[PDB]
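Heads up, my_file19.pdb below (PDB, C-alpha atoms):
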ATOM      1  CA  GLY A1216      29.434  97.717  38.629
ATOM      2  CA  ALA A1217      29.526 100.699  40.998
ATOM      3  CA  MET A1218      29.581  98.634  44.213
ATOM      4  CA  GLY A1219      32.376  96.263  43.109
ATOM      5  CA  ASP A1220      34.390  99.228  41.834
ATOM      6  CA  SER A1221      33.970 101.058  45.120
ATOM      7  CA  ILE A1222      35.013  97.924  47.001
ATOM      8  CA  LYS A1223      38.150  97.465  44.912
ATOM      9  CA  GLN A1224      38.929 101.141  45.487
ATOM     10  CA  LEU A1225      38.526 100.862  49.279
ATOM     11  CA  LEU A1226      40.651  97.698  49.434
ATOM     12  CA  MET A1227      43.444  99.315  47.402
ATOM     13  CA  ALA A1228      43.255 102.308  49.740
ATOM     14  CA  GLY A1229      43.556  99.841  52.651
ATOM     15  CA  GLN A1230      40.104 100.803  53.922
ATOM     16  CA  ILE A1231      39.320  97.102  54.404
ATOM     17  CA  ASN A1232      36.470  97.316  56.937
ATOM     18  CA  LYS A1233      34.673  99.969  54.888
ATOM     19  CA  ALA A1234      34.968  97.635  51.845
ATOM     20  CA  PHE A1235      33.464  94.823  53.920
ATOM     21  CA  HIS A1236      30.686  97.048  55.313
ATOM     22  CA  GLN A1237      29.653  97.706  51.733
ATOM     23  CA  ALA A1238      29.924  94.093  50.702
ATOM     24  CA  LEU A1239      28.038  92.834  53.830
ATOM     25  CA  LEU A1240      25.240  95.471  53.843
ATOM     26  CA  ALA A1241      24.344  94.629  50.204
ATOM     27  CA  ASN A1242      22.651  91.323  51.154
ATOM     28  CA  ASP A1243      24.564  89.698  48.311
ATOM     29  CA  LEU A1244      26.772  86.702  48.990
ATOM     30  CA  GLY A1245      28.148  86.963  45.437
ATOM     31  CA  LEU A1246      29.473  90.458  46.205
ATOM     32  CA  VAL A1247      30.976  89.169  49.447
ATOM     33  CA  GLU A1248      32.759  86.434  47.412
ATOM     34  CA  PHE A1249      34.001  89.070  44.908
ATOM     35  CA  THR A1250      35.284  91.042  47.902
ATOM     36  CA  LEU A1251      37.060  87.936  49.393
ATOM     37  CA  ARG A1252      38.525  87.230  45.954
ATOM     38  CA  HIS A1253      40.136  90.750  45.912
ATOM     39  CA  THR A1254      41.232  91.183  49.510
ATOM     40  CA  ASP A1255      44.629  90.292  50.886
ATOM     41  CA  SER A1256      43.947  87.621  53.514
ATOM     42  CA  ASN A1257      47.156  88.623  55.314
ATOM     43  CA  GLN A1258      45.751  92.158  55.639
ATOM     44  CA  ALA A1259      42.305  90.808  56.549
ATOM     45  CA  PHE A1260      43.531  88.380  59.185
ATOM     46  CA  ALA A1261      46.570  90.111  60.685
ATOM     47  CA  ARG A1266      42.539  93.729  60.468
ATOM     48  CA  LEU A1267      38.775  93.142  60.156
ATOM     49  CA  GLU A1268      36.529  94.523  62.894
ATOM     50  CA  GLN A1269      34.906  91.927  65.143
ATOM     51  CA  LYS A1270      31.469  93.004  63.881
ATOM     52  CA  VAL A1271      32.660  92.339  60.296
ATOM     53  CA  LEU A1272      34.058  88.937  61.227
ATOM     54  CA  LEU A1273      30.747  87.791  62.864
ATOM     55  CA  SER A1274      28.665  89.062  59.898
ATOM     56  CA  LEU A1275      30.989  87.347  57.385
ATOM     57  CA  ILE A1276      30.621  84.128  59.410
ATOM     58  CA  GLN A1277      26.882  84.577  59.325
ATOM     59  CA  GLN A1278      26.613  85.359  55.628
ATOM     60  CA  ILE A1279      28.991  82.691  54.287
ATOM     61  CA  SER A1280      27.238  79.989  56.390
ATOM     62  CA  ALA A1281      23.679  81.236  55.752
ATOM     63  CA  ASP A1282      23.957  79.697  52.322
ATOM     64  CA  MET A1283      26.353  76.804  51.892
ATOM     65  CA  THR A1284      24.767  75.224  48.778
ATOM     66  CA  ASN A1285      27.887  76.292  46.841
ATOM     67  CA  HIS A1286      30.320  76.285  49.741
ATOM     68  CA  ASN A1287      33.983  76.146  48.624
ATOM     69  CA  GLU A1288      37.644  76.484  49.770
ATOM     70  CA  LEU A1289      37.661  80.269  49.516
ATOM     71  CA  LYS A1290      34.603  80.627  51.780
ATOM     72  CA  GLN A1291      35.682  77.733  54.067
ATOM     73  CA  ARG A1292      39.091  79.219  54.532
ATOM     74  CA  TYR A1293      37.465  82.569  55.446
ATOM     75  CA  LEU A1294      35.098  80.770  57.821
ATOM     76  CA  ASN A1295      38.204  79.176  59.341
ATOM     77  CA  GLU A1296      40.147  82.458  59.637
ATOM     78  CA  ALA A1297      37.191  84.504  60.778
ATOM     79  CA  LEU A1298      36.458  82.049  63.602
ATOM     80  CA  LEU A1299      40.147  82.039  64.643
ATOM     81  CA  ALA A1300      40.024  85.880  64.721
ATOM     82  CA  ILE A1301      37.052  86.033  67.120
ATOM     83  CA  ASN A1302      38.228  87.884  70.227
ATOM     84  CA  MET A1303      36.273  86.591  73.189
ATOM     85  CA  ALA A1304      37.607  89.435  75.407
ATOM     86  CA  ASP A1305      35.617  91.931  73.329
ATOM     87  CA  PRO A1306      32.419  92.528  75.377
ATOM     88  CA  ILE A1307      30.230  92.840  72.238
ATOM     89  CA  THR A1308      31.727  89.726  70.756
ATOM     90  CA  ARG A1309      31.220  87.891  74.070
ATOM     91  CA  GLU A1310      27.465  88.706  73.990
ATOM     92  CA  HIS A1311      26.912  88.290  70.228
ATOM     93  CA  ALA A1312      29.287  85.373  69.360
ATOM     94  CA  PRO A1313      27.256  82.696  71.190
ATOM     95  CA  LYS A1314      24.294  83.385  68.925
ATOM     96  CA  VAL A1315      26.340  83.648  65.736
ATOM     97  CA  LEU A1316      28.237  80.431  66.483
ATOM     98  CA  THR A1317      25.110  78.473  67.388
ATOM     99  CA  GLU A1318      23.620  79.372  63.984
ATOM    100  CA  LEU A1319      26.952  78.713  62.213
ATOM    101  CA  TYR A1320      26.932  75.290  63.882
ATOM    102  CA  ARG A1321      23.324  74.611  62.831
ATOM    103  CA  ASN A1322      24.098  75.602  59.242
ATOM    104  CA  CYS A1323      27.236  73.432  59.168
ATOM    105  CA  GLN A1324      25.195  70.513  60.494
ATOM    106  CA  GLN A1325      22.713  71.002  57.578
ATOM    107  CA  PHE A1326      25.575  71.315  55.110
ATOM    108  CA  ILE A1327      27.223  68.054  56.155
ATOM    109  CA  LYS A1328      23.867  66.260  55.819
ATOM    110  CA  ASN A1329      23.056  67.928  52.455
ATOM    111  CA  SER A1330      26.513  67.581  50.891
ATOM    112  CA  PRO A1331      28.242  64.474  52.219
ATOM    113  CA  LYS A1332      30.443  64.150  49.108
ATOM    114  CA  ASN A1333      31.440  67.867  49.072
ATOM    115  CA  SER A1334      35.149  68.756  49.099
ATOM    116  CA  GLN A1335      34.811  70.765  52.323
ATOM    117  CA  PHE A1336      32.951  67.966  54.241
ATOM    118  CA  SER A1337      35.683  67.057  56.795
ATOM    119  CA  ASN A1338      36.834  70.668  57.007
ATOM    120  CA  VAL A1339      33.327  71.692  58.099
ATOM    121  CA  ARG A1340      33.205  68.747  60.527
ATOM    122  CA  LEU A1341      36.468  69.974  62.023
ATOM    123  CA  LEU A1342      35.086  73.491  62.163
ATOM    124  CA  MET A1343      32.062  72.183  64.159
ATOM    125  CA  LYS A1344      34.501  70.738  66.776
ATOM    126  CA  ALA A1345      36.383  74.036  66.969
ATOM    127  CA  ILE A1346      33.086  75.880  67.437
ATOM    128  CA  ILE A1347      32.349  73.761  70.529
ATOM    129  CA  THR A1348      35.553  75.202  72.098
ATOM    130  CA  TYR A1349      34.519  78.777  71.373
ATOM    131  CA  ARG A1350      31.098  78.024  72.862
TER
END
Starting from the file, lay out its structure as structure tokens.
Amino acid sequence: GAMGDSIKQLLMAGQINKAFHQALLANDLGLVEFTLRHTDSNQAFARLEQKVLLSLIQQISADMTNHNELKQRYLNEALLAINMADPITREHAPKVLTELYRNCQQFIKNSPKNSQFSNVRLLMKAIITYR
């Protein structure tokens, strides 16, 4: 619809953060996934604002009942893109990562057979380093 269309438009224009603002302010993880499906990861992760990265981390991990490779790989890349020299990130990241951790812990208990199981376990180790 109108949101997805606008998002595809923004992304083609190279207005990547504006596309993600729209996707992330909609409170719709399906629209976020649509957005991730149409964005060039080598544009995204070359780049996305720190505030966008921390929100994406939040939103993807808030609901991991249908966690997958696309979202895991973005969780991976978004974490690796966290810039701990950014004073806002330095204040806000601790909280976002603690909740990411807590959600990953619930995911590995809920979904032991899931394809992303060991990937999330590895992510939880990486998180410890950021924290």
Let me know the residues the PyMOL selection byres ((chain A and resi 1303-1318) around 12) catches in the file above, as a count of residues only.
-> 38
Kindly give the distance, in Å, that separates CA of residue 1289 in chain A and CA of residue 1252 in chain A, rounded to a single decimal.
->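 Distance between the two atoms: 7.9 Å.
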Give me, please, the distance in Å between CA of residue 1329 in chain A and CA of residue 1295 in chain A, quoted to one decimal.
->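 Pair CA of residue 1329 in chain A / CA of residue 1295 in chain A returns 20.1 Å.
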Using all atoms of range 1226-1233 of chain A listed in the file and a margin of 6 Å per side, can you give the axis-aligned box centre and edge lengths in Å to one decimal, as AutoDock Vina command-line options?
--center_x 39.1 --center_y 99.7 --center_z 52.2 --size_x 20.9 --size_y 17.2 --size_z 21.5
Using only C-alpha atoms, which of the listed residues (A:1260, A:1219, A:1288, A:1229) sits closest to residue 1246 in chain A?
->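 Smallest separation from residue 1246 in chain A among the options: A:1219.
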What would the selection look like, as a PDB file with C-alpha atoms, in the coordinates of the input, if the PyMOL selection byres ((chain A and resi 1245) around 12) were run on the coordinates I just shared?
ATOM      1  CA  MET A1218      29.581  98.634  44.213  1.00  0.00           C
ATOM      2  CA  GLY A1219      32.376  96.263  43.109  1.00  0.00           C
ATOM      3  CA  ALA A1238      29.924  94.093  50.702  1.00  0.00           C
ATOM      4  CA  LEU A1239      28.038  92.834  53.830  1.00  0.00           C
ATOM      5  CA  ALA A1241      24.344  94.629  50.204  1.00  0.00           C
ATOM      6  CA  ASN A1242      22.651  91.323  51.154  1.00  0.00           C
ATOM      7  CA  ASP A1243      24.564  89.698  48.311  1.00  0.00           C
ATOM      8  CA  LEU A1244      26.772  86.702  48.990  1.00  0.00           C
ATOM      9  CA  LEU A1246      29.473  90.458  46.205  1.00  0.00           C
ATOM     10  CA  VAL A1247      30.976  89.169  49.447  1.00  0.00           C
ATOM     11  CA  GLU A1248      32.759  86.434  47.412  1.00  0.00           C
ATOM     12  CA  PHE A1249      34.001  89.070  44.908  1.00  0.00           C
ATOM     13  CA  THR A1250      35.284  91.042  47.902  1.00  0.00           C
ATOM     14  CA  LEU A1251      37.060  87.936  49.393  1.00  0.00           C
ATOM     15  CA  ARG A1252      38.525  87.230  45.954  1.00  0.00           C
ATOM     16  CA  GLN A1278      26.613  85.359  55.628  1.00  0.00           C
ATOM     17  CA  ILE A1279      28.991  82.691  54.287  1.00  0.00           C
ATOM     18  CA  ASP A1282      23.957  79.697  52.322  1.00  0.00           C
ATOM     19  CA  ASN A1285      27.887  76.292  46.841  1.00  0.00           C
ATOM     20  CA  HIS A1286      30.320  76.285  49.741  1.00  0.00           C
ATOM     21  CA  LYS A1290      34.603  80.627  51.780  1.00  0.00           C
TER      22      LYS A1290
END
Coordinates-based distance that separates CA of residue 1334 in chain A from CA of residue 1226 in chain A (Å, one decimal) =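 Rounded to one decimal, the two atoms are 29.5 Å apart.
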Smallest atom-to-atom distance to residue 1237 in chain A: which of A:1221, A:1337, A:1291, A:1284, using all atoms listed in the file?
-> A:1221
For the structure shown, which residues end up in the PyMOL selection byres ((chain A and resi 1255) around 12)? Put them as a list in words, please?
->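 Answer for the PyMOL selection byres ((chain A and resi 1255) around 12): residues 1223, 1226, 1227, 1229, 1230, 1231, 1250, 1251, 1252, 1253, 1254, 1256, 1257, 1258, 1259, 1260, 1261, 1266, 1267 and 1293 of chain A.
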